[PDB]
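Enquirer: Residue numbers (PDB author numbering), protein chains in the order written: chain A, 50 to 784; chain B, 51 to 784.
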Amino acid sequence: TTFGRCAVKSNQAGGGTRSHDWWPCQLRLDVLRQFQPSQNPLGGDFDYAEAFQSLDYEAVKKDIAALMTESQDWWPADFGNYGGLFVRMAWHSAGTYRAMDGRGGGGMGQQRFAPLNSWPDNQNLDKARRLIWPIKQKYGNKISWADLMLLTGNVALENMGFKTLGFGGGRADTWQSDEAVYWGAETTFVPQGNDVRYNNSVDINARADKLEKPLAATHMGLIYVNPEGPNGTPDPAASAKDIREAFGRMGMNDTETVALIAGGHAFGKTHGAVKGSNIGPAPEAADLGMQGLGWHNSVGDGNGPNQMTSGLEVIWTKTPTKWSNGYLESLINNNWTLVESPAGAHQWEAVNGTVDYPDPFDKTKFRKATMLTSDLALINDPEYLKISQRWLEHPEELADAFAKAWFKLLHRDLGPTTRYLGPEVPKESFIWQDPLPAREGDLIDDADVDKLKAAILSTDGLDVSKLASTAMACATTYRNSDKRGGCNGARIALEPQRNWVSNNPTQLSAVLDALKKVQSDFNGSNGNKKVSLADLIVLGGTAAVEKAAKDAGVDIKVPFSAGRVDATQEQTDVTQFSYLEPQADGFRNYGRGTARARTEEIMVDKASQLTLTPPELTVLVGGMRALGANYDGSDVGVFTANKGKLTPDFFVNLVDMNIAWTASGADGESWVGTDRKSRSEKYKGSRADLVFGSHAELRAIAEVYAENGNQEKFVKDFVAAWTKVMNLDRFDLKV
Amino acid sequence: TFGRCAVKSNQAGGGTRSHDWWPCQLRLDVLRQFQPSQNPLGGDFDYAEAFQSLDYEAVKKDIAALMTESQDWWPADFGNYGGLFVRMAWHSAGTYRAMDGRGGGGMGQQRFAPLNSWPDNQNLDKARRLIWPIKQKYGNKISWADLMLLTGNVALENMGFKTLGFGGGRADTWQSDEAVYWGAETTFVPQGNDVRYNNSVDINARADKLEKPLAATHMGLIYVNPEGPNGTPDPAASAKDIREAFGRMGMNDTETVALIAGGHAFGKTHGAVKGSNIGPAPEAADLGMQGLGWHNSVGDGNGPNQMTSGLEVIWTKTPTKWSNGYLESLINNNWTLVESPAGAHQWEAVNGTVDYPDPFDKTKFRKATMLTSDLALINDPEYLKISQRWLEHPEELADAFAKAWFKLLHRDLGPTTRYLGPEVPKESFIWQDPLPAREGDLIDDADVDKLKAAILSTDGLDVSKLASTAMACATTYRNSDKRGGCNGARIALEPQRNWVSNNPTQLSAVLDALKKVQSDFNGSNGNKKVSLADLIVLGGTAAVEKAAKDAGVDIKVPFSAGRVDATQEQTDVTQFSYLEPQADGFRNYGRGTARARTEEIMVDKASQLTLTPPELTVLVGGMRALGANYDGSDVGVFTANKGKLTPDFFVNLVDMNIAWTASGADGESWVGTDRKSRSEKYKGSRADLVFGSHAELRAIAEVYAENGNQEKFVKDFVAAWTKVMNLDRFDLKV
Ligand code: HEM
Ligand code: HEM
């Protein structure tokens, strides 16, 4: 293939054949080397929360609203108002989110980097970002690009007559393309870009509910669905099935989906004035003269009446700069006929309809009503039809649903409400925020923590292995992409996590009963002090790690940060939490991978979501094995004669050349370590164990911890990594 | 299919990536390697302190004993791993290319992809595994980089060849160095060379046409093909490849013959079974192999069944002891072309003595054998004269080999101030880019304050010239081989003083002015003396400080005294030719080639300076604000306050009222036109405009263009300036 190869082969700056070219199936650590603090121009010590709280937020909003109608000659505003274009920018920034893996969304501002800056569906959003740049120049570090793109759409809706619930800032900027996201395996974009995600099916009605997991778009390079219909076939009934699937994969139900589409398509228009052959390279492929912009259009000045974005030429309402109910009115009251846009694409026009839809530049010109196939979807499915019919007669119910769904869209990947900043954060708490009760009571102090650690360690049924394993099981549900999971809330005690087979539900039950005894004893006796179950789960694992280090000859402070609260079941939605359930866990030697995701690839992926470096992933696995911390208490990977003592025995014995390693099963998941001289079977290992002795960069770390004399360094590094992981969700304190 | 896995992972980076869609776009990956977070020792680990505390003699004693402690999983030929360990060290050091300074043993990269899995490194996985117990014993106080070389050094000495000594000091690295251009072919040897010979298969005519800056005849080889060019068993053509490849590694004829005749005193090659019996290389092998590869399924895969290169040659009758048997055999035997057991072309003395030993059976003997690359040395007129001389005067070979082996192992270690341990050779060699002892006593802060005031009021000097000259001197530094930088004032010597990129007539007038400041100081300050090298850096540094003051920011710009001035005798014009830049984005110099755009050359140079993307970006914008172009032009100088340290370069770059269009056919010149007045306002280069085009670089430009960030700009510039000026300061250190 020519695909993925430049016709000129550079000899500079990484040019040449590379290791991943020769050995493309080998595990890559790239996803654990992103987002490092050197790469950040602002430095590691910059506190975005402090900066945003000092922002003159009201003046930022007034500057945005003034920009909306200050038309720039290099991209003139339709109807004299950029509001629709700015709503699209915000919706596309937020619109990449996938609920199952928690990736995409607006929370990293990734629309400004490859590949999102150059996806076909983001065509001419380079102009939109450029138009808002002067607001970022004025306000500097005190508002992120990530926050600004979404605030701009929020302010746009409010200045076009639609009052929102409010807004929360808090998204710090990122500084490189996030190459950890599986957007798909296709080698083409829309109109192609979907053979792999449909497994070669082309029957568009039958396949619609069979989109490859965890994807949430129907072609590579789209936000959700194809506006001409599935595979460009202008069938509204099949389009509706694609919409249900895609919006479902983004965490939206039918009410939310109709409210978002009918709410957004009140505003603006689509652009399809000239054929695609007039349009130049996307931003990542454009020449230096374009200075970060792309899709240069060679007809006229390439803008104004010649704008070309999607290829469609649809104006939904008679007032595209003002909130209305004209979208549903047109959709339901007109009869529709299939026509072509000027650029050749399929759309729908009203039969015998009024010629009163305004032109964006010529006051003398009007058009008939028009719709996309994906808008006709909403009256060609029974459930969408019933919602649209109700909202035709009750526009106030659409406005309520749209306010709620728009707020959810923009904030779904922001994390707990302790992350949300600014003066207009909505007061209602929503289930998709994974709510927590407010912390109350006088917080436990150092002496209470010392008393609780001793009580925990002296309780029947609690040992170092079980305490450590339970804490980590609770902690590794965290993922940095959408800031969901972690130990705050004590959700391991609730459905679904209490019944996850990867948590060993019978053992977990007995551990949690013992912790609840510690809790009853303490609460029953220490005046104004109560301790949460969440702090006891974390404190028990922390106490176990401290004890295991002492038992290994090292006196170390293992620091504990108190103040977690306990969630209720009503704040813990089963569907949302089911997305956090692991299929394999390398920290606790659970499960295994599949053909397209090997055991060790799942481990690296999870480490990236925990923000771990390669040294931190390595040290954690080796210490969990030394602690005997497997999910089922097995000996797999437990390469030590001192289980429960925090030593680097795992690494020492893994690298010992007197042990030969051979496959025991057929499927490559189980390994036996045999003493070469005696021929006795000494050890059993998994792929998560043996990858550390196979991958050249991971093995180099294994060797550090296997070196004579490094027992103390091993202990210090394990404790640092343990503390980092236990605290990932502590946004009430600071990250 | 090439460079694609048959199974497409959906985790850990699986899926189509940005580089796949837009493979021609500039990539910043080489500025993101070797980050301190990635180093398991921590960014505060000091390798030099660890190594100086090492019990060095005990390490060498334990290496020496390991040589004859055969391990059953890879039994030692003749009972001695010495030859194997000499090969390990020579392959570690043997990837070096003098022109670009990449490869060599100084980063210990043989333990990572791709070098761990190149065909020429077959079975060195075993060699590395055999020495791992010594690394495990001594811990952090010896690096893998130092150990692999020290092991070969000790192996020579324990097989009867006393070396010049050794220097340690190579700190380990912790990821594959994906900045090196090894070539553009999509196959390894026996293929791997269509591109580097532009599809020529005329083995004599093409030999001196090898693609620059490569130093091997096929992808995956160290230097040349042991069976002849493209496997053609023609010794005279092989000799032309050896001279080309070794020259590209910085070795001349005498050094070349010494290295090959010296090395092949020892050990043997391995070709006992055909290649179909050999499994995947390390990076392709299954988890059971635990980082090893090339599993051989015949017998136990080892001992008599060893298979490495496919050849089965034993050069001397005493493969564990230094001798003159290589030359004695080469010159005196009549050679016939034969096939090894694995099917490769080699040469045998079919009517010679049957007294060459077997590595495992003391009762079994063989005839004399050679490679085609060995017969090369008697099939070229200059190599033959050397070979004949040394046959008769073997002490001259021993002298040449000790010096060339020292050069091989230490060519990328950098200045002598970096060399560690108790047996560093006392001779100063030209390829070490030597520096003297200082003159008189070290300037103090009072002397620095007087010299800054003098420099900023001297005829022929100003802010722009001073900043340009210091950066010109600094950017010769390259971290791959630790060559270049400002220590030595080598801008003032040949060849740098006559480089077109240094504007020789301006430079001369700047250097004469700094020498006048120097003459005033030296001898009127008792025994205090200042070097020209310190005055070049101090003058640029004082200019940056004043330019910040004039932009409204009061900042103390640090200065570290103590550089010395190199002599011209210690500055070889060919050695320094390798540092001459094709383009220099910091000073808006030069143009790209048919294989690398100007902006790619700049990112490459930034990687050699260890810069991050924000450091690269801030330096370019500040150099433009200072008016520090090599030729004093206004290209990229997007400010009305030239000489004042403002972020005007970034503000004006991103101003939408300016439209940028190509002016030259070559893609190298651009004009910025004011869209309202229709007037040409600015001229820019590709090094200027990339900061407004690449999305990750433009994100950094925006920071510096934002209101309020004028002081941050100055702070970040000053930090980056100090880092670059000090890269070669291993005397402090660096
Ligand atoms: C099934 C889901 C959807 C599809 C297929 C779709 C499709 C499109 C297409 C093809 C365009 C025209 C781009 C152009 O040529 O300029 C567009 C424009 C727009 N869409 Fe959507 N859309 C969907 C959902 C949404 C949502 C959820 C919102 C926001 C809540 C949104 C708001 C907008 C706005 C405001 C515009 C007008 C942009 C302008 O005036 O420049 N759409 N849509
Ligand atoms: C024209 C340059 C050279 C070529 C083409 C070449 C080729 C080879 C080949 C094909 C092998 C056999 C590998 C195997 O089958 O085990 C080998 C082995 C060896 N080479 Fe070279 N060589 C070159 C230069 C050097 C140099 C410069 C040195 C060191 C100063 C060196 C030292 C050795 C040693 C000691 C062995 C034996 C390894 C053992 O005993 O396992 N060679 N050479």
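Note that the Cβ used here is the ideal one computed from N, Cα and C, for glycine as well.
1) Would you please state the rounded distance, in angstroms, between the beta carbons of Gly270/B and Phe238/B? I believe it to be under 8 Å.
2) Report yes or no: is there a C-beta of chain B within less than 8 Å of the C-beta of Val764/A?
3) Could you check which residue in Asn383/B, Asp284/B, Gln356/B, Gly129/B has the C-alpha nearest to that of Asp430/B?
4) Is there at least one non-hydrogen atom of ligand 2 closer than 7 Å to the beta-carbon of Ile253/B?
5) So what does DSSP say about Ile328/A, is it helix, strand or coil?
6) Use the C-beta contact count for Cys523/A: other C-beta atoms within 10 angstroms, 16 or more gives buried, fewer gives exposed.
7) As a quick exercise: from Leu501/B, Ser507/B, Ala611/B, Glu477/B, pick the residue whose alpha carbon is nearest that of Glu489/B.
8) Run the CB neighbour count on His443/B, radius 10 Å, all protein chains shown included, and call it buried at 16 or more, exposed below.
9) Out of curiosity, what's the CA-to-CA distance linking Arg748/A and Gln186/B?
10) For my contact list, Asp531/A and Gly151/A are in at a C-beta cut-off of 8 Å; report their separation, rounded to the angstrom.
11) Can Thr319/B be considered in contact with ligand 2, in the sense that its beta carbon sits closer than 7 Å to one or more heavy atoms?
12) Taking only heavy atoms of ligand 3 into account, decide whether any of them is closer than 7 Å to the Cβ of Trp440/B.
13) Can you list, in chain order, the residues of its chain whose CB lies under 6 Å from that of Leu485/B, leaving out five sequence neighbours each side?
14) From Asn355/B to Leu377/B, what does the alpha carbon distance come to, in whole angstroms?
15) Beta carbon of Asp127/A: closer than 7 Å to some heavy atom of ligand 1?
16) Please identify the residue among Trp385/B, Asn776/B, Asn130/B whose C-alpha is closest to the C-alpha of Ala583/B.
17) Measure the Cβ-Cβ separation of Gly742/B and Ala751/B and say whether it is below 8 Å.
18) Using the Cα positions of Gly144/B and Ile253/A, report the straight-line distance between them to the nearest angstrom.
19) Along chain B, in chain order, which residues have C-beta atoms closer than 9 Å to that of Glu756/A?
20) Locate the beta strand (DSSP E) running through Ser719/A, then write down its first and last residues.
21) Counting only Cβ-Cβ distances shorter than 8 Å, please list the residues of the segment 153-180 of chain A near chain B, keeping chain order.
22) For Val388/B, which beta-bridge partners are listed by DSSP?
23) With DSSP collapsed to three states, give me the class of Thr466/B.
24) Report the residue ranges of all alpha helix (DSSP H) runs contained in full by the segment 548-585 of chain A; include only those spanning at least 4 residues, in chain order.
25) Using CA atoms only, rank isn't needed, just tell me which of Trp549/A, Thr304/A, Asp705/A is closest to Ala633/A.
26) In the structure shown, what three-state DSSP assignment does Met339/B receive?
27) For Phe571/A and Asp196/B, what's the separation of their Cα atoms in angstroms?
28) Hey, is the segment 195-215 of chain A in contact with the segment 119-139 of chain A, meaning 3+ C-beta pairs nearer than 8 Å?
29) In three-state terms, what does DSSP make of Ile480/B?
30) Closer than 8 Å, CB to CB, is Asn577/B near chain A or not?
31) Taking the alpha carbon of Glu235/B as the reference point, which residue from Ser226/B, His268/B, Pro263/B has its own alpha carbon closest?
32) What ranges does the alpha helix (DSSP H) occupy inside the segment 643-711 of chain B, keeping only unbroken runs of at least 4 residues that lie completely in it?
33) Can you pull the chain B neighbours of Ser226/A, defined as C-beta to C-beta under 9 Å?
34) On the criterion of 16 or more Cβ atoms from any shown chain inside 10 Å, does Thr386/A qualify as buried, or is it exposed?
35) Taking only the alpha-carbon atoms, compute the straight-line gap between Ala709/A and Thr525/B and give it to the nearest angstrom.
36) Among the candidates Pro608/A, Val740/A, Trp720/A, whose CA atom is the shortest distance from the CA of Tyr732/A?
Expert: Taking the geometry as given:
1) Right, the Cβ-Cβ distance comes to about 4 Å (below 8 Å), so this counts as a contact.
2) No, no contact with chain B.
3) Out of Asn383/B, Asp284/B, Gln356/B, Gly129/B, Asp284/B has the C-alpha closest to the C-alpha of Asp430/B.
4) No, the Cβ of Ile253/B stays beyond 7 Å of every heavy atom of ligand 2.
5) In the structure shown, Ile328/A sits in a strand (DSSP, three-state: E or B).
6) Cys523/A comes out buried.
7) If you compare the alpha carbons of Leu501/B, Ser507/B, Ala611/B, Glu477/B with that of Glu489/B, the shortest gap goes to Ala611/B.
8) Under this definition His443/B is an exposed residue.
9) The C-alpha of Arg748/A lies about 13 Å from the C-alpha of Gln186/B.
10) Contact holds; Cβ gap of about 4 Å.
11) Ligand 2 has a heavy atom closer than 7 Å to the beta-carbon of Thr319/B.
12) Of the ligands one can find in the structure shown, namely ligand 1 and ligand 2, none is ligand 3.
13) Hits under 6 Å: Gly538, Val614, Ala616.
14) Taking the straight line joining both Cα atoms gives about 28 Å.
15) True, at least one ligand heavy atom lies under 7 Å from that Cβ.
16) Considering only alpha carbons, the answer is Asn776/B.
17) Yes, the pair counts as a contact, with Cβ atoms nearer than the cut-off.
18) Approximately 59 Å, taken between the alpha carbons.
19) Identification of chain B residues near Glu756/A by a Cβ-Cβ cut-off of 9 Å yields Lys185, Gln186, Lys187, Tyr188, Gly189, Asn190, ordered along the chain.
20) Membership of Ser719/A in the beta strand (DSSP E) is indicated by the continuous run 719-724.
21) Among the residues of the segment 153-180 of chain A, those with a Cβ less than 8 Å away from any Cβ of chain B are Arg161, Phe162, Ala163, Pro164, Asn166, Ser167, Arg179, in the order of the chain.
22) According to DSSP, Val388/B bridges with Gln396/B.
23) The answer is helix: DSSP assigns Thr466/B an H, G or I state.
24) Those alpha helix (DSSP H) runs which fall completely within the segment 548-585 of chain A and span 4+ residues are 554-572.
25) Selected option, being the one with the closest Cα: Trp549/A.
26) DSSP places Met339/B within a helical segment (H, G or I) once states are collapsed to three.
27) If you take the alpha carbons of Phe571/A and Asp196/B, they lie about 57 Å apart.
28) In this structure the segment 195-215 of chain A touches the segment 119-139 of chain A; the number of beta carbon pairs closer than 8 Å is three or more.
29) In this structure, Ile480/B counts as helix in the three-state DSSP scheme.
30) No, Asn577/B lies away from the interface with chain A (no Cβ there is under 8 Å from its Cβ).
31) Measuring C-alpha to C-alpha distances from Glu235/B to each of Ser226/B, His268/B, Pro263/B identifies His268/B as the nearest.
32) Fully enclosed alpha helix (DSSP H) runs of 4 or longer: 648-658, 663-675, 698-703.
33) Annotation: Cβ neighbours of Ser226/A in chain B (cutoff 9 Å, chain order): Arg67, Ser68, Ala745, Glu746.
34) By the neighbour-count rule (16 or more Cβ atoms within 10 Å), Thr386/A is not buried but exposed.
35) One C-alpha to the other measures close to 50 Å.
36) Answer by Cα proximity: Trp720/A.
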